[PDB]
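A single chain comes next, written as structure tokens; it is the form deposited in one PDB entry.
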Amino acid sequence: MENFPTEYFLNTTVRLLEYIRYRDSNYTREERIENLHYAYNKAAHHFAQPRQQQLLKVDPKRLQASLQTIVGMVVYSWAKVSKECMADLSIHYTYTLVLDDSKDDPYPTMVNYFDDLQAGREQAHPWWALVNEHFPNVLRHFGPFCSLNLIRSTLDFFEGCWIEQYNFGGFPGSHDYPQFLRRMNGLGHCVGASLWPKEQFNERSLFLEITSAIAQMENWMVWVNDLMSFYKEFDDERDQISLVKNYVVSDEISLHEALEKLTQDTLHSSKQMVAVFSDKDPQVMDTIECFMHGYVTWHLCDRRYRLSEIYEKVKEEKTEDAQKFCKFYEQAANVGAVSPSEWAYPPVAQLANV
């Protein structure tokens, strides 16, 4: 496995896109830009505040980059939620993304977690201090059940980052470890339940569909990301513990086999995703369908994933896949390719300095 399985990749991707029913939609480039800037502007103002500036140890250049990656992700996948919602979620998911920048052992700051929590004293760990303080702005858009899911998944996430600080791919033969870990820092339930604002949905009325959405969406969302970010992560010696890389270490199988395990779960996930929801409430299947499409557009458009390289390579090849891929790609670009100068400004730093 010296070269990238380009062939195999293009195929799986095209399949994924077909299974999910990837296709044109109602978001218009004008609307995308409207939201991108709204969400970005609110967040940027937030992170530019002195208190946030002070407690969130992050290289500005990176905070800037992360915020933009997150706004884009939210605005493109949470298509049916309100602008405020996109903004508030953008702030939350930007906090979670930023946490992977800390080597700082949580232990000492997590020693009085529960006692402080129960007492109502600000957490020792600055991340929690900021996140928990801001949480209400996200939580207000949801009902009690969904809120609990966001709260849990975020706590889960904090631990997942803790575990990852050990750059540990699992003991050989620890088959349960890889997914255990992936699920932990996957924020699956956060994503899954944040898709159902109480302004547009009734938690109690759609409890079974929402729950089922969360349950299924958790895996789809994470595996689609593991697959998409598999091209950028291929020749990157820095990223040592990914789901695929851990399957290799824990299950004791080849990278190809692991990559195989992933695609099968991903494709199967996609199939059942559509199967279960097609005939369900229209408004639900819509949010679901839009999340998947936007989530894939976002992966395809954001440079972070360097997929444009996969495109420029097979750009001409006359294979069904290669052509099926290139078509889909252009699809995304027509609505997903947007210069940051159109929405992401001014820079967070600039707002912070003022």
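Residue indices: 1-based, along the sequence shown. If you superpose the two forms and keep the largest set of C-alpha atoms that fall within 1.5 Å, you have the rigid core.
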Revision key, fill the gap. The stretch whose C-alpha atoms carry the larger average B-factor in the entry, 230-238 or 179-187, is 230-238
Point to revise | 41-49 set against 316-324, stretch whose average Cα temperature factor tops the other in the entry | key: 316-324
Study note, to complete from the structure: Listed options 156, 116, 203, 88: highest C-alpha B factor recorded at 203
Check your understanding: Between 96, 194, 266, 216, which one tops the list for C-alpha B-factor in the PDB entry?
Key -> 216
Practice item. Rank-wise, by C-alpha B-factor, drop residue 303 into the lowest, middle or highest third of its chain. Key: middle
Check your understanding: Can you tell me which third, lowest, middle or highest, the CA B-factor of residue 256 falls into for its chain?
Key -> highest
Practice item. Quick one: classify residue 198 as lowest, middle or highest third of the chain based on its Cα B-factor. Key: middle
Point to revise | Entry-reported Cα temperature factor of residue 250, expressed as the chain third it lands in | key: highest
Study note, to complete from the structure: Among the modelled residues of its chain, the C-alpha B-factor of residue 274 falls in the third labelled highest
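FYI, the form deposited in another entry isn't displayed, but the following is about it.
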Exercise for review: Would you indicate which listed residue, out of 322, 300, 56, 70, moves its Cα by 2 Å or more between the shown form and the other one relative to the superposed core?
Suggested key: 322
Review point. So with the core overlaid, does the Cα of residue 343 end up 2 Å or more away between the shown form and the other one?
Key: no
Point to revise | Large Cα move at residue 288 between the shown form and the other one, threshold 2 Å, rigid core | key: no
**Study point:** Core-superposed comparison between the shown form and the other one, residue 134 Cα displacement 2 Å or beyond
**Key:** no
Check your understanding: Your call: residue 238 and residue 97 CA atoms, closer or farther in that other deposited form versus the shown structure, by 3 Å or more?
Key -> closer
